[PDB]
Amino acid sequence: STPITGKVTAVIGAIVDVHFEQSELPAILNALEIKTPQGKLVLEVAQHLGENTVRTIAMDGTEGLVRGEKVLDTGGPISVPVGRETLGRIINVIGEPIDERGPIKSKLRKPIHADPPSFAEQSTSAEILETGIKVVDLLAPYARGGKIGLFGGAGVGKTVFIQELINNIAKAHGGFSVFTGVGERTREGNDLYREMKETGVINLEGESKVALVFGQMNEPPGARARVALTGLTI
Amino acid sequence: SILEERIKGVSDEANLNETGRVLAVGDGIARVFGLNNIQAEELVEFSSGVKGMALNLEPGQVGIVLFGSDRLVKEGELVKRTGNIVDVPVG
Amino acid sequence: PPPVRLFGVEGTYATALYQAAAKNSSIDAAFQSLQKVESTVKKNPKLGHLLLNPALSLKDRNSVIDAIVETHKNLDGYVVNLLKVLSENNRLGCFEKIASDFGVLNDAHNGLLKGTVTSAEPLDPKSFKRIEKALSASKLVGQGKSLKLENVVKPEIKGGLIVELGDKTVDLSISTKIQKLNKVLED
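Residues numbered from 1 in each chain as written, not as in the entry; some residues may be left out. Chains lettered and ligands numbered in written order. Part of a larger assembly, values for the part shown. Heavy atoms only, no water. Residues with missing side-chain atoms left out of burial classes, pairs and counts.

Draft legend 1. Spotlight on the overall build of chain C. Broken down by element type, chain C carries seven helices and six strands. Starting at the N terminus, the α and β elements of chain C follow one another as α-α-α-α-α-β-β-α-β-β-β-β-α. Against the 2.2 N^0.38 benchmark of 16 Å for 187 residues, chain C shows a C-alpha radius of gyration of 21 Å, more extended than a compact globule. Once the C-alpha set of chain C is aligned to its principal axes, its extents read approximately 70 × 35 × 30 Å. (Helix = DSSP H or I, 4+ residues; strand = E, 2+ residues; numbered from the N terminus. Rg over C-alpha atoms; globule rule 2.2 N^0.38 Å.)

Dropping the structure here:
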């Protein structure tokens, strides 16, 4: 209700410690917003350290933080927006519409911290995806609902391999896709955006069978960590 | 006198050997003030229902290791001492 | 610099109190008021002898302070600032620590010296008095410096004696001589 007021105590890189009002500590994994001259800096509560002094991780740059700067409390895990109109949007870590096709048309929001499914729920399939790529088809067939893993070194066209997969399976399949880029270069990003705009998988009026979460390596390491979490929730 | 009475009033007056209160919780390492009757690695139940073992018994605090998820634990939490060291059904 | 540099563990607080109230010149007064509240703390058993150790809030700590200064209407004002400091730093375990340390500094201002005459068992008062006289007579105790001498029972040392004061000691013990004798007959 009343946002718990916090005062910054220590800016020590990404770690920013806040001194929330007595007898009320925003719980671990909550989301704090500090209105800043550059948007709202989101701080994810990651420890309680005592006497209503928390130690939180920043999700945006830490320049121009003035000690004892009022910190509003959202009150809960960073909640992105989800919908079917999230498809064909570029959505940043804290759920901003960096699609640049203006504000995402939120249906529902969900937290980016969620407990993984139970053993009982998980049902193990055994059906075969096929990419038409000879090596893949013969020597390592892929399987529906799989967890395929492209282990390789530096710049083995890692992105290129993924692009080939997107070209074949994604365009072909009727299901949705989620393209998540964690610390992808903005060179690679622009190419991906353009490429999937071109292939029309992002159709600028039409429906998109993919959503985008392009995480840029310039974004703070903390923000980089929760690019993944955002993608998972979508 | 009246001060002492008011002091008693603002004090929890917890048994505080059964009966712990989290001092600080970070990284799944709750550090509890109380639990003087604790036996090492003994099962303790938080008021979040989280269960833990007490791998570190230290003079000032007892470092419970949470078996649950950290997001459900928050400071000052009563920690009743289940009082039975980790045991599992056998049969 | 102010007499006696202790600089203990949170004894920098004691030092601060000493020098600050020394220039107020109300160190005896401060010490007395601190003693009076310390005694009523010791005679407060639930809390401050059972929550001497913290687990309290800032606000609750402050409210514990307010009750403490409610008990005394004579409490100086430098030690009311010291109480504030202790509340703010949320240390209460170093309340008696500071009391002892401020006491050492205070009794240094007084010029009282301390000593100890450990023995196996507690001894005659006639011996105590003769030794107290002797120690005061000796240059070991300076003039304008008082002597407090405490005989202690240290059955850990069997027989022998050690006179101690001003960190300068004369140890005429049985144990060391026995040790030396033994050693020399192991030669």
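Draft legend 2. Expanded view of the sheet that holds strand β4 (residues 40-48) of chain A. All names here are of chain A. Taken in spatial order, the six strands line up as β1-β2-β5-β4-β3-β6 in an open sheet, and their pairing is antiparallel. Edge strands, defined here as strands with exactly one partner in the open sheet, are β1 (8-12) and β6 (72-76). Averaged over neighbouring strand pairs, the angle between their axes works out to 30 degrees when direction is ignored. Of the strand pairs in this sheet, strand β3 (residues 31-35) and β4 are connected by five bridges, and their pairing is antiparallel. Bridging across to β4, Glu-33 finds its partner in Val-42. (Pairing = 2+ DSSP bridges. Axes fitted to C-alpha atoms, helices over the stretch in contact; angles between N-to-C directions.)

Draft legend 3. Structural view of the UniProt feature "binding site: ATP" in chain A. Residues and elements named next belong to chain A. The feature "binding site: ATP", as given by UniProt, occupies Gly-152, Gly-153, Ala-154, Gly-155, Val-156, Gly-157, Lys-158 and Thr-159 in the numbering adopted here. Counting through the fold element by element, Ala-154 comes out in the loop between β10 (142-143) and α2 (158-172). When you line up the elements, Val-156 lands in the loop between β10 and α2. (UniProt positions renumbered as here; feature names shortened; annotations may be inferred.)

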